[PDB]
């Protein structure tokens, strides 16, 4: 039928599967997916039930799955969605599990080394919406991209990415926004950013957003060197981070 209001246009891409459901359950992994003893295992997950819109695109032969995935990733982060998990190739675990057990679409099954997966939480006013993107290039040399929105029927918990996800995405995408942080820097989100900046001590960032000054100093007081953090100008409600190469 129609695209998700938040995604880009993949030039000449065709919708090959469209699904909607007013109350479907999704269990989106927050880490690699595998089977142990035949039972499904996720290294962290988010379960939510709500209105599901799932779009399956087949890309034109001229354009790679990885290109469309990067465009989708760039667009969701520029919409200031908080990233929750991002992974490429074998880091995602099994394509068969993602295709079948998570998205329930066997067309998405391909070589593990050709996949990519992203999960984000949309910014308020859509803060109980999750958007998931999955890309694959298959042996038939065709390229597909799955994009799904789950509007949860109940408010989502406090959902945070790992420090590894934050660092990796800051370098793969160059920037990202954390749009579900408290206005006063503290708690889980301050802890996450502190642990992210101790995992790579050389990386430098520019902070912007309505309370970016407050964040930088909370971080200085948790031990981050002030030389590592510059300040930008944005009115976005969240904390925006920009990789200073």
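Numbering follows the first chain given and starts at 1.
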Going by the B-factors listed in the PDB entry, is the mean over the C-alpha atoms higher for 21-29 or for 230-238? 230-238
On mean C-alpha B-factor from the PDB entry, just flag whether 76-84 or 152-160 is the higher one. 152-160
Looking only at 63, 204, 58, 180, the Cα with the top B-factor belongs to 63
Can you tell me which of 110, 104, 125, 174 has the highest Cα temperature factor in the record? 125
Residue 193, C-alpha B-factor rank within chain (lowest, middle or highest third): lowest
Assigned third (lowest, middle, highest) for the C-alpha B factor of residue 34: middle
Just say lowest, middle or highest third for the CA B-factor of residue 52 relative to the other modelled residues in its chain. middle
Where the record places residue 141 (Cα B-factor, split into thirds across the chain): highest
